[PDB]
Amino acid sequence: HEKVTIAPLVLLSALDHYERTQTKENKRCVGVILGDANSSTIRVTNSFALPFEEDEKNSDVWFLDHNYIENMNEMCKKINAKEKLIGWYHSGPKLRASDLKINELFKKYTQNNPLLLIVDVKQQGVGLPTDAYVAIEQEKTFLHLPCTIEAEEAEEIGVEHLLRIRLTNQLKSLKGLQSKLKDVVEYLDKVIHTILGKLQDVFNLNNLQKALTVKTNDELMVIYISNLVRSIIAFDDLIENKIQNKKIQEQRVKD
Amino acid sequence: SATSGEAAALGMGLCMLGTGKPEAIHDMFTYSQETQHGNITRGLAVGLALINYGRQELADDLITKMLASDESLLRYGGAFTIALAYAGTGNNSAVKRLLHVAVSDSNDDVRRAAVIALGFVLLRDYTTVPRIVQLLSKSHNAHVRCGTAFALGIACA
Amino acid sequence: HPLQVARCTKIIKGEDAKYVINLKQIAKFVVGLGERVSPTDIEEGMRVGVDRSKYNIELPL
Amino acid sequence: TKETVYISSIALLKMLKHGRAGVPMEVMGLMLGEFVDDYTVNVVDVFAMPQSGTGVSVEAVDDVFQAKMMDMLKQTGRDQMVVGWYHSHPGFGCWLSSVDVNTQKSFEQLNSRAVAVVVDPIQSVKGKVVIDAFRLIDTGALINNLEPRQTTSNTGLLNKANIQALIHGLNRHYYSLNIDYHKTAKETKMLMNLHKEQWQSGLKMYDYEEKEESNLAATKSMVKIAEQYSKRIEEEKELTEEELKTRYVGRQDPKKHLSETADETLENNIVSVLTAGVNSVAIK
């Protein structure tokens, strides 16, 4: 399949247009990603906003200027020639009816399958403040591609200069069953099987490990054998340092 | 104002010395997060430290708001608020708060301002002053030794 | 005034009026696009030269 | 005080992206925002310019391309005051750009407080993030606040400062750049949780479980060799010394080999324990 690679330059750029424009919950900042969608690895090296206006009274009313779309994409070619139109990004926590009608706009100048991106300034719950989706039809069918972040050498190192485990893993793992339980109950009363079929595939696949439980305990003992030997090595240094500490005390008594 | 406006925040704190009034506490604190200026906030941070003198636990409401904020400018003057209010008779919980800021926070100016505030609380008993700064006298950071020099010289002058 | 070495060091202008012909083995350059004749100063003046290797179209200096 | 440049989150990343094409080549840009002396200095938005044939000069900037782009700053909320022109150069010892001379002198006419920023490393990247600038002074700029007293100025012990091709003059007058950074509460919340090493995050259990367990059989054999060379060093250490004095230029002999038998042992055991706790965690 394909994967979406979002550079930290793009994630931080979309967060800037939200605060500078004083965008409230009634508006969502829309922008255009730039990159190469030809290969299986989709990387976005550039992002910019657009004068978008949102209307909550009518989902079919949106203000977008196509002149600024083609001009800015042409003027930014002088920087890097690898930047083309692979899709667009927009703000807001949720996908409303106005987002479905604006999907067919950029598809005229886009060759391959466009890429959609949702930027969340609040980042409420779990991970992934920016979720990526693909727009394709047979009815609109959206698929969530794996979201990864990879930058250049100077870009990844520059983040560390500006900033100069097990418990968290168990908390998010427990919340996965709580969030899935609410999705099944709400969908049960919504119908009164296709959506629940995909969740049943993952949920079904000492229950099945009973055959490997005997062989698992034998491997855990071998792991402790290495840990027991390394523990003795650390214990020898404690006695060696205790004798070494006395040599310093013996010099303090004579001198 | 970047010149005369800084003296306004510092000039009001001199008339507000003593117990002070709770109305000036919220107004000077909210203005710091509304308009963003370094010298104004430092003028307010020192100002908010001057308006609280000898209040001890009574000033803990304003102290909590300074420790919860991630802004280094508000936390820079937060040590002086604990220093003046807890000056003289010291508190085991108040001293623990000043020592906790210089550890977790990585700002060199805040770590320096945190240990200087320890001198105002220890003004009565100067025997424990050189013992606290002795362990901080040897460190890999250069700014750790900076604040320990004055805090040792405030009481022992 | 005899000069046996004609070379510049890191001189880049523009497109037109760049030139900088270097006789040294490292970073040789040539200038095309018709004939260009200047009375005194071609690009930097002074060290402008040809010597043993004739570079394209410039006789006059 | 002076003007201390505060680089935002996007201001640092775009400078590396604009000069991304070529080591020897060069680009430029325009810094934006509004600020007042005595503290506030900020750069809101940055944008590059196309590379011309003249390199970087007074004719390098295109007023036609600038005016056509400037009209797009207003509708997007990007419109701010121009506080300077940032460039990108390969860099030299002194005067990092040999083709840049008459630009800043024409820039100081509009605003005397405007500066110019250039990214120093350009393949020299280190991780201290050393960035360079220049600002002209000439006559004037005195009878004002204190420029040097801000950050580590009033220097010149021997000749050593910065690149040490500068001493007093630098480019002109020793503008004494000060590079800091300030971010909002939302920007600081991101890079702390987002940037760690790579992205396995949100579930650490099964992502590296199969990858580490598959190589655990080979890891068990490789950690055994490290212990084999451990005691062999300590055995020859005490065998050759009957003195307990120094003729041996051994000023610290033991602690180096003692830490090699400790820190390595301390490294190999913790990765076989802390990871072993989450290596199963099956329950039911």
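Conventions adopted
- Residues numbered from 1 in each chain as written, not as in the entry; some residues may be left out.
- Chains lettered and ligands numbered in written order.
- Part of a larger assembly, values for the part shown.
- Heavy atoms only, no water.
- UniProt positions renumbered as here; feature names shortened; annotations may be inferred.
- Helix = DSSP H or I, 4+ residues; strand = E, 2+ residues; numbered from the N terminus.
- Rg over C-alpha atoms; globule rule 2.2 N^0.38 Å.
- Buried < 20%, exposed > 50% of the residue type's maximum accessible area, 1.4 Å probe, protein only.
- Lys, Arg positive; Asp, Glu negative; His and termini not counted.
- Charge placed at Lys NZ, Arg CZ, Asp CG, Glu CD.
- Pairing = 2+ DSSP bridges.
- Axes fitted to C-alpha atoms, helices over the stretch in contact; angles between N-to-C directions.
- Contact = heavy atoms within 4.5 Å.
- Buried area = accessible area lost by both parts, 1.4 Å probe.
- Polar contact = N/O pair within 3.5 Å; in protein donor to acceptor, adjacent residues only side chain to side chain.
- Parallel < 35°, antiparallel > 145°, perpendicular 65-115°, else oblique.
- Nonpolar A, V, L, I, M, F, W, Y, C, P; charged D, E, K, R; others polar.
- 1 Å grid on protein atoms, 1.4 Å probe; cavity = no way out; pocket = protein on both sides within 12 Å on 5 of 7 lines; lining within 4 Å.
- Points joined across faces, edges and corners; volume = space filled by probe spheres on them.
- Salt bridge = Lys/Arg side-chain N within 4 Å of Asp/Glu carboxyl O.
- Core = buried A, V, L, I, M, F, W, Y, C linked by side-chain atoms within 4.5 Å.
- Patch = residues over 30% accessible without salt bridge, like charges linked within 9 Å, V, L, I, M, F, W, Y side chains within 5 Å.
- Areas by Shrake-Rupley, 256 points an atom, 1.4 Å probe, with all protein chains shown as cover.

- Its official PDB title, as written in the record, is "Yeast proteasome-ADP-AlFx".
- In its Subunit section, UniProt records this for chain D: "Component of the lid subcomplex of the 19S proteasome regulatory particle complex (also named PA700 complex). The 26S proteasome consists of a 20S proteasome core and two 19S regulatory subunits. Interacts directly with RPN8 and STS1."

- Taking the PDB entry as the reference, chain A is identified by name as 26S proteasome regulatory subunit RPN8 belonging to Saccharomyces cerevisiae.
- Here chain A is described in UniProt, under the heading Function, as follows: "Acts as a regulatory subunit of the 26S proteasome which is involved in the ATP-dependent degradation of ubiquitinated proteins."

Re the overall build of chain A
Now for step 1: Scanning chain A from terminus to terminus reveals 7 helices and 11 strands.
Now for step 2: Taken over C-alpha atoms, the radius of gyration comes to 27 Å for chain A, far larger than the 18 Å a tight globule of 255 residues would show.
Now for step 3: By its C-alpha atoms, chain A is 90 × 60 × 35 Å across when sized along the principal axes.
Now for step 4: A burial count over chain A gives 34% of its 255 residues as buried.
Now for step 5: Charged side chains of chain A number 34 positive and 37 negative; the gap between the two group centres comes to 4 Å.

Regarding the sheet that holds strand β3 (residues 46–48) of chain D
All names here are of chain D.
Now for step 1: Across the sheet, 5 strands lie side by side as β3-β2-β4-β5-β6; this open sheet has mixed pairing. Edge positions in the open sheet fall to β3 and β6 (132–134), since each of these has one partner strand only. Strand-to-strand, the axes of this sheet are offset by a mean angle of 25°, without reference to chain direction.
Now for step 2: With 3 bridges joining them, strand β5 (residues 116–119) and β6 adopt antiparallel strand pairing. Residue pairing for β6: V117 is matched across the bridge by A133.

What to know about the interface of chain A and chain D
Now for step 1: Contacts between the two partners involve 56 residues from chain A and, on the opposite side, 56 residues from chain D.
Now for step 2: Summed over both sides, the interface between chain A and chain D buries roughly 5,700 Å², with carbon and sulfur atoms accounting for 66% of that surface.
Now for step 3: When the buried area of chain A at its contact with chain D is split by residue, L12, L162 and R230 of chain A rank highest and sum to 13% of it.
Now for step 4: If you look at where chain A meets chain D, you find 7 residue pairs in polar contact.
Now for step 5: For the side of chain A that touches chain D, the secondary structure elements donating two or more residues are α1 (8–20), β3 (41–49), α2 (66–75), α4 (153–162), α5 (166–191) and α7 (210–254) of chain A.

Structural notes on unusual backbone geometry
Now for step 1: Here the phi dihedral of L128 of chain A falls at roughly 55°; this positive angle occurs in a residue that is not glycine.
Now for step 2: Backbone geometry places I122 of chain D, a non-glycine residue, at a positive phi of 40°.
Now for step 3: Here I122 of chain D lies in the loop between β5 and β6.

Remarks on the UniProt feature "short sequence motif: JAMM motif" in chain D
Now for step 1: Here the UniProt-annotated "short sequence motif: JAMM motif" positions come out as residues 87–100 of chain D.
Now for step 2: Between the C-alpha atoms that bound residues 87–100 of chain D there is a distance of 10 Å. The span itself is 0% helix and 14% strand.

Quick notes on the packing of helix α6 (residues 78–85) of chain B against helix α8 (residues 108–121) of chain B
Residues and elements named next belong to chain B.
Now for step 1: Two elements in contact, α6 and α8, have axes separated by 8 Å at closest approach and are oriented at 5°. Relative to α8, α6 is oriented roughly parallel. Along the contact surface, α6 presents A79, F80, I82 and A83, while α8 presents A113, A114, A117, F120 and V121.
Now for step 2: Among the residues making up the contact of α6 with α8, the classes are represented as 9 nonpolar, no polar and no charged.

So, the arrangement of the chains
Now for step 1: Highest in contacts among the 4 pairs of chains that touch are chains A and D.
Now for step 2: The two units chain A and chain C never meet; even their closest C-alpha atoms stay 17 Å apart.

What to know about the interface of chain B and chain D
Now for step 1: Listed by partner, the interface residues are 8 residues for chain B and 8 residues for chain D.
Now for step 2: Buried surface at the junction of chain B and chain D, summed over both partners, amounts to about 560 Å²; 45% is from carbon and sulfur atoms.
Now for step 3: Considering only the side of chain B, the residues that lose the most area to chain D are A2, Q36 and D70 of chain B, jointly responsible for 52% of the buried surface there.
Now for step 4: Taken together, the links from chain B to chain D amount to 1 residue pair in polar contact.
Now for step 5: Considering only residue class, the side of chain B that touches chain D consists of 2 nonpolar, 5 polar and 1 charged.

Concerning the UniProt feature "binding site: Zn(2+)" in chain D
All names here are of chain D.
Now for step 1: The UniProt entry lists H87, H89 and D100 under the feature "binding site: Zn(2+)", expressed in the numbering used here.
Now for step 2: Note on placement: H87 falls in strand β4 (residues 84–88).
Now for step 3: Not counting the four nearest positions on each side in its chain, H87 is found in contact with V27, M28, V56, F107, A116, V117, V118 and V119.
Now for step 4: A distance of 3.3 Å separates a polar side-chain atom of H87 from the backbone oxygen of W85.
Now for step 5: Locating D100 in the fold gives a position in the loop between β4 and α3 (102–110).

Quick word on empty space enclosed by the protein
Now for step 1: In this structure, the largest cavity encloses a volume near 360 Å³.
Now for step 2: Around the largest cavity, the lining comprises 22 residues; the ones closest to its centre are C76 of chain A together with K14, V46, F47 and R78 of chain D.
Now for step 3: Mapped onto the lining of the largest cavity, the elements with two or more residues apiece are α1, β3 and α2 of chain A together with α1 (9–18), β3 and α2 (63–75) of chain D.
Now for step 4: A per-class count over the lining of the largest cavity returns 13 nonpolar, 5 polar and 4 charged.
Now for step 5: Along the wall of the second largest cavity there are 15 residues; nearest its centre are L12, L16, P121, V125 and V129 of chain D.
Now for step 6: Among the residues forming the lining of the second largest cavity, the class breakdown is 11 nonpolar, 2 polar and 2 charged.

Quick word on the pattern of salt bridges
Note on pairing: side chains with opposite charge can pair once their charged atoms come close.
Now for step 1: Applying the stated criterion across every chain, the model contains 16 salt bridges over all chains.
Now for step 2: Between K27 of chain A and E53 of chain A there is a salt bridge; the shortest N-O distance is 3.6 Å. Placement of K27 of chain A in the loop between α1 and β2 (30–36) and of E53 of chain A in strand β4 (residues 53–54) is noted, with a sequence separation of 26 residues between them.
Now for step 3: What makes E53 of chain A partly exposed here is its relative accessible area of 37%.
Now for step 4: For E227 of chain D, the salt bridge is made with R230 of chain A, and the minimal N-O distance between the two is 2.4 Å.

Observations concerning the nonpolar core
Now for step 1: Core analysis: the biggest nonpolar cluster contains 25 residues, and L15, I33 and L117 of chain A have the highest contact counts within it.
Now for step 2: At 7 residues, the largest contribution of residues to this core is made by α1 of chain A.
Now for step 3: For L117 of chain A, the contacting residues outside a window of four places in its chain are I6, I33, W88, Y89, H90, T130, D131 and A132 of chain A.
Now for step 4: The next biggest cluster of nonpolar side chains, apart from the first, holds 24 residues, and it includes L30, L32, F47 and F65 of chain D.

Considerations on the environment of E70 of chain A
Now for step 1: Topologically, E70 of chain A is positioned in helix α2.
Now for step 2: Along the backbone, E70 of chain A and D36 of chain A are 34 residues apart, and their C-alpha atoms lie at a distance of 17 Å.

Focus: the pairing of β2 of chain A
Successive residues of a regular strand alternate their side chains across the two faces of the sheet.
Residues and elements named next belong to chain A.
Now for step 1: Of all 7 residues in β2, 6 are buried; the element is thus mostly enclosed.
Now for step 2: In terms of strand pairing, β2 meets strand β7 (residues 87–91) through 2 bridges, oriented antiparallel. Within β7, the residue paired with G31 across the bridge is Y89.
Now for step 3: Note that β2 and strand β6 (residues 84–85) share 2 bridges and pair antiparallel. The partner of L34 across the bridge, within β6, is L85.

Things to note about a nonpolar patch on the surface
All names here are of chain A.
Now for step 1: On the surface, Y224, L228, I232, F235, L238, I239 and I243 cluster together to form a nonpolar patch covering roughly 730 Å² of accessible area.
Now for step 2: Mapped onto the secondary structure, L228 falls in helix α7.
Now for step 3: Under the relative-accessibility criterion, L228 is labelled partly exposed at 41%.

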